[PDB]
Every structure is written in structure tokens, then in C-alpha cells.
Amino acid sequence: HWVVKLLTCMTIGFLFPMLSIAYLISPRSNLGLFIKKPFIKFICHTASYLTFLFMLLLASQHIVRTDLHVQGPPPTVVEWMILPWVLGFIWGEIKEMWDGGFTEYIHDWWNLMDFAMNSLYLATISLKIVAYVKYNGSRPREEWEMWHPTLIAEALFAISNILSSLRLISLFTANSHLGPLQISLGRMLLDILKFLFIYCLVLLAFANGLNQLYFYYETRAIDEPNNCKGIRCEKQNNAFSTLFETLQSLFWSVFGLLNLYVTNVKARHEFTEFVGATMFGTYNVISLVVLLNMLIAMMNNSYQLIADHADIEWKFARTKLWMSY
Amino acid sequence: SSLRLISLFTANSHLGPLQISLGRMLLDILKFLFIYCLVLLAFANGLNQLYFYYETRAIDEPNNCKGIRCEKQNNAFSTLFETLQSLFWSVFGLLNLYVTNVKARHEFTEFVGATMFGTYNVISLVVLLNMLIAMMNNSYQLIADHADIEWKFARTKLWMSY
Ligand SMILES: O=c1c2c3nc(n2Cc2ccc(Cl)cc2)Oc2ccc(F)c(c2)OCCCCCCn3c(=O)n1CCCO
Ligand SMILES: O=c1c2c3nc(n2Cc2ccc(Cl)cc2)Oc2ccc(F)c(c2)OCCCCCCn3c(=O)n1CCCO
Ligand SMILES: [Ca+2]
């Protein structure tokens, strides 16, 4: 169970390029016709993906590169060899839509994660060539603008890797131990919706009074130490001034990362600070003691009804998988 | 050498059936450990790829201290070895919030950094720890029965060695 059948599969994995080119040159030989088997196709398709996912860790941490002061540099050798993968993925996505129903295509929920990836990969080429053609020269990095093309053309490339690495969860249905765990996790995500609705109402209700009470004492940045304004500084300040900051403030205090001296106002007024502190203290009891003690009690009940018939719904899925090769 | 006094609990009637019930709980953390490991190496990459342009040195910092564990934390998302220790310690609450603020005045990067840091907490502290409880609760109520047939077997196997 653990040695020979574990080694044969690793052995076949390495042979995928030569098998591909052999099928390409002659499809009726004895080396050809050996890839038209439902298991070998699976192994080859699975092995052709870890190579792509491993040629991306080299671009994250530079193995060898040049200094970073030019506006638009030419692409390096690692980036020259990634285009074929993207082009092949787009061509395959377009081809799958042809010999299949359009309504039949849109009924799968994974296609919704293969559209966003493709869009975020397609924007970067244009955003990079624009800066390669327009700009020229070199200047230090501490004087660039906030909306420079070279700065916007890296955030999308950083975001895309996360959505491209979380797709190894659709392979758990081919195993007997990790199989029935995805089916039990699929049910838990139908319990957070209603509590999310109630929490959203309870949060926009409170996000209004606190903003209405504190919008008289808004200072500026130059009059503050170290020219820092808002939370995320070393000394937090101006936390209930606008409506966009009052919504980020209330979110971060669920985990415990908000201090208590942010309710103290200048100008000596004492009657306002007490009402502010009471409004801040009433919001914690409703959210941390009454609501999180109900998710547990409901998810406990929901789990004990899906434990049964958990093998009739995994075999259906893995049968639907096999029938595609 | 001091944690080996737990193999003597099988010779007593009160502490005996407790080790047998603890032995079953350790077969539930494995799969959640697998899923958590995948969810953590997925996120440990983007944050490292976004912040590796602003790595300073030690001599230009106060008191010649670089990294977390100083009095004023700094350089938390520079390399891949620090990004993996940073994400671990934040589960308990020992990481501050001013570590996502970069120099050089750029404002559009800090927002994306803060959003990436904030999305990782909801998936780990609200959706996963609320499932270990609900599954360990079910696993315990099936081993409570026949808990005296498996303790006497063990203590019989003990006696037969002397
Ligand atoms: O300190 C409190 C507080 C409190 N409810 C309390 N306490 C403690 C307390 C007790 C007595 C006194 Cl003479 C002063 C403070 O205690 C109780 C006492 C009886 C209760 F039944 C109860 C809470 O729960 C009711 C719902 C919780 C509302 C929190 C408001 N609430 C509150 O917003 N603050 C913040 C005020 C900022 O200064
Ligand atoms: O502050 C948040 C935040 C948030 N989801 C939120 N909020 C609070 C919020 C509400 C409204 C506005 Cl206009 C701005 C912030 O609230 C919601 C609102 C509806 C939801 F359905 C929900 C969360 O849960 C979705 C999954 C959680 C993703 C966290 C992202 N997420 C997040 O990464 N940050 C960090 C940003 C750093 O500045
Ligand atoms: Ca697809």
C-alpha cells in the first residue's frame, strides 16, 4: 500500500513531456496509444500543474536580478517562459465552451474562479507595456507618485497568486480519507449567512451615533506627532471622525487590537466622554457574549444530521469526476 | 525525561479510563492540521511578494534591533522565514497593528496590505476553531461506552510483564 504503488506513480510523472511529444509525432505507434488511458491522462494533467506552481516561487524571491530604480525594465528570463501556460489556459477555457451548452457551462461554481484569474493575469501585460513605452530614465524610488503604473502593476500580480494557489482543494474528492471531509465542510457555509445578515444590521446601526457625536473635534496631520493621522500609527488618534474610519474601527476591535484611550477628547469636556465610553461598551456585550455563543450551538446541531449518508454523496461526486476522461 | 510519568496512570481506577478517552481526541486534529497548513502556505506568499522592496538594515534602526521580539516591532514581512513566524504568533494576539505601515508615503499599497492581513483572520479564528469544537463534541459521545473493556486489557498486559 505504501511503497510500490507510491513509487510507480512518481515514476510515470516525470515522463509526461516525452509522452506528449510522442503522441504528437505519431499517434498510431506502440509508444503512442499509451496515453489514451483514463489514469495516465489524470497523472499527466496533475503533474503539469505543480511545475507551474513551482516556477512562481522563483519570481517571488529573486534568485538573481538587477537593482530597482528604472521606471520600466525589460522582462527577465523567468517571465519569458510563463506566457505559454497562460495562453494555453485561455485557449482551453475558450474551447471547452464550444462543445458544450452555454447554460451548461455557467452552472459550475469553479468557472467563477477561472474568469477572475484570467482577467487579473491579462491586465498586467498592458499595464506593463504602457509604462515601458511611455516612461524612460531612472530616478530614486522615494519620489514616485501614488498612482504610478509600475506600482499598480504589482498589486494585481501579488493578489493573483493567492487565487491561483487555493485551487488544490478540488482534488480531495479522489481520496477516501479527505473525501467525506469536503462534503461536511460544504454544509457549514450555509449557516453563517443569516448571522451575517443580523450582524450587518447591528453594525450599521451603531456606526452612526458615534460618528455623529465626535465629528466636532477633527484635527489635522501637521499638528500631530510624526505627521501620522488615523489608526495604524504608533499612537492611535482620530478614530471616530468620518464614516469610513468608524467602520474599520469597529471591525478591528473584535479581535482586540484597539486601545481604550481613543475615547478621550481634548477641550476638557467631561460629560461627552462618559456617553462615548458607554456607547462603546454596550456594543461589546451584544457582539462577543450573545452572538458567538449561538453560532457554536447551531453548528453543533447542524453537524449531527449530515454525518449520516456521507458516503452516498461522495461516490456520486467522484463518479461524476471519472466520467470526464 | 519528566513527561514519562503518564504511563503509570493505567494502574489506577480513577485516572485509568481518562487516558483511553484522551487517546481518541488526537485522531481528530490531523485533518484540520492538513487544511490549516495549506491555508497558511497559500497566504505566506503574497505578503512576502508585496513588501520585499522596503527592507532596511539594523544600524539605521533604534537600539540596533531588527525584526519582531524587539520593543518596537519592525521588518515583519521582509523574508519568507519571518513571514511564517509572524502569522503564527498573531493567532494568540501578540502582534500589533502598526507593522503594516510602510515608509515613503505610498498610500495605495498599505490598504491592500491591511486587507490581506484582515481577510486571513476571519478564515482562521471564526470558521475553523468553531468546527474542532463541534466535531470533538461528537467524537467523545461514542467512546464513552466500552471504556472499561479497553482499560482492563491494558492493565492486564501490564501485569503480565513482571
Ligand atoms: O462599566 C459599564 C457597565 C455596564 N454594565 C455594568 N457595568 C459595570 C458597572 C456596574 C455598576 C456601576 Cl454603578 C457602574 C458600572 O454592570 C452591569 C450590571 C447589571 C447588569 F444587568 C448588566 C451589567 O448587564 C446589563 C447589560 C449590559 C450593558 C453594559 C453597560 N455597561 C457599561 O456600558 N459600562 C461602561 C461604563 C463606562 O464607564
Ligand atoms: O475592515 C475590513 C472589513 C472586511 N469586511 C468588513 N469589514 C469592515 C468594513 C465594512 C464596511 C466598509 Cl465600507 C469597510 C470595512 O465588513 C464585512 C461586511 C460584510 C460581510 F459580508 C463581511 C464583512 O464578511 C465577508 C467576509 C469577511 C472578509 C473581511 C474583509 N474585510 C477587511 O479585510 N477589512 C479590513 C480593511 C482594512 O482597512
Ligand atoms: Ca473550467
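Since chain B takes its numbers from Swiss-Prot, the residues it shows come out as 489-650.
Each residue, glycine too, has its Cβ placed from N, Cα and C.
Residues annotated as topological domain 'Cytoplasmic' in Swiss-Prot: B:498-512.
Among the features that Swiss-Prot reports, transmembrane segment is placed at B:513-535 (among others), with the record citing similarity to another entry.
The topological domain 'Extracellular' feature in Swiss-Prot is assigned to B:536-603.
Using a 10 Å Cβ-Cβ cutoff, B:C558 (disulfide bond) registers 14 neighbours. For B:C553-B:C558, the entry in Swiss-Prot reads disulfide bond.
Feature annotation from Swiss-Prot assigns transmembrane segment to B:604-624 (among others). Only residues 6 or more beyond the boundaries of the transmembrane segment (B:604-624), in the same chain, are considered here, and those with a CB under 8 A from a CB of the stretch are 513, 516-517, 520, 523-524, 527, 531, 534-535, 538, 575, 578-579, 588.
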I'd like the Cβ neighbour count for B:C553 (disulfide bond), meaning other Cβ atoms within 10 Å of its Cβ, all protein chains included.
15
Please classify the secondary structure at B:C553 (disulfide bond) using three-state DSSP.
coil
